[PDB]
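What follows is a single structure, written as structure tokens, with notes after it.
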Amino acid sequence: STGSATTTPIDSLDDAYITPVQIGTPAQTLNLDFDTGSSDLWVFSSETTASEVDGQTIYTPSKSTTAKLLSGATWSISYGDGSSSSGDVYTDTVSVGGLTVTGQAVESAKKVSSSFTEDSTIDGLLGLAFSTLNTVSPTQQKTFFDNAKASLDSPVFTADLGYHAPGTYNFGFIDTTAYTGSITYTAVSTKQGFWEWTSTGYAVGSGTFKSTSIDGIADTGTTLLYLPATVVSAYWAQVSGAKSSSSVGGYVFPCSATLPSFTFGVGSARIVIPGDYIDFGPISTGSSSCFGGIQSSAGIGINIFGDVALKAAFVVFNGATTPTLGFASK
């Protein structure tokens, strides 16, 4: 089997992407944030504290003839950025772009933090990291991909995120029309539960490539590109007037600037992030200070190849017995 679904930016800055997902019978369609950096499929629901719902579409298990309470199971997740959610668990039928999994754990939120409430466009998360990070207790549950894997034509999914435009998540096949040149594959460590890999270096603008190993995660649920302070400083040093602002929370730059590209290495291959992809617009409405899309990972504890980086590529998440990651230009 295969599946193919369009993923759409939630706003004009590509702060996140939503993908429609069919849950239950008859189908209830929710727009979920596909997240290769976490491993829980959780949704706003009829059980969510009313004051914490503000415009989201909810899953109502009592209206699904295929929903079953997973007795005794609870879940609770605290994301790196301080957001959180928790609740109980149903199993139900979940379909993504024509690909159907029966008995998928659908984690129903009883509580969500303010960041989730305030984002009316995101109805929940669909985790695509390794199932070892799943938070359901006392019986850990599998991700949608893990459940689908054996049925797929090939045990892969691909992320093709758009810049200020829709893109695609495919399951079970590689669309050879969706990228240019070749796909370069690189090793993955699953030791921390992530799609963790090592970039071979970077360049700033038309500058020379610096060969250096940068370990990090391919994380569709993170907006920005988080890299070591040395690398980030070298980037922003090429933008007149750029500075790191503790008050704002990272590097800012004059909105009148033209940003240089940023290149990252995948083996001997190179992925070029155009300068425009690194512009996250005014820090507040009407400001002439703009927020940067490349930020320091210092004090995160891990480097993160988030949407800024991934949207410059066609990315293969290869879930074979020994997983790997593939990157192509597009």
_Protection proxy ranking of 156-166, 222-232 - average other beta-carbon atoms within 10 Å, highest first_ = 222-232, 156-166
*Equivalent-ellipsoid semi-axes (√(5λ), Cα gyration tensor) for the chain, whole Å, largest first?*
33, 23, 17
*With θ set to phi - 60°, apply the Karplus curve 6.51 cos²θ - 1.76 cosθ + 1.60 along the stretch 42-55 and write out the HN-Hα couplings as whole Hz, x wherever there is a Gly or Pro.*
10, 9, 4, 8, 5, 8, 5, 2, 4, 5, 9, 9, 9, x
*For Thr220, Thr285, what's the fewest-to-most ordering of other Cβ within 10 Å of each Cβ?*
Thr285, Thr220
*Compute the distribution of all C-alpha to C-alpha distances in the stretch 5-174, in bins of 10 Å from 0, and list the percent of pairs in each, rounded to whole numbers.*
11, 42, 39, 9, 0
*Given the options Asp92, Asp175, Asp215, which has the most mean-square fluctuation in a GNM of the chain, springs set between C-alpha atoms less than 10 angstrom apart?*
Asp175
_Ranking request for peptides 176-188, 111-123: highest mean number of other beta-carbon atoms within 10 Å first, then the rest in descending order._
111-123, 176-188
*From the phi of every residue in the stretch 318-330, what ³J(HN,Hα) in whole Hz does the Karplus formula 6.51 cos²θ - 1.76 cosθ + 1.60 yield, where θ is phi - 60° and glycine or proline is x?*
8, x, 4, 3, 9, x, 9, 10, x, 10, 10, 6, 8
_Sequence-distant residues sharing a close amide H with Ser245 (under 5 Å, placed H)_ = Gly250, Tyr251, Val252
*Mean ellipticity per residue at 222 nm, deg cm²/dmol - from DSSP H runs of n ≥ 4 across the chain, formula -39500 (n - 2.57)*: -1500 deg cm²/dmol
*Percentage of Cα-Cα pair distances in the stretch 144-238 greater than 24 Å, rounded to whole percent?*
37 percent
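Only the coordinates and a few stated rules stand behind these numbers; no lab work does. Every residue, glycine as well, gets a Cβ built from its backbone with ideal geometry; the counts of neighbours run over all protein chains shown.
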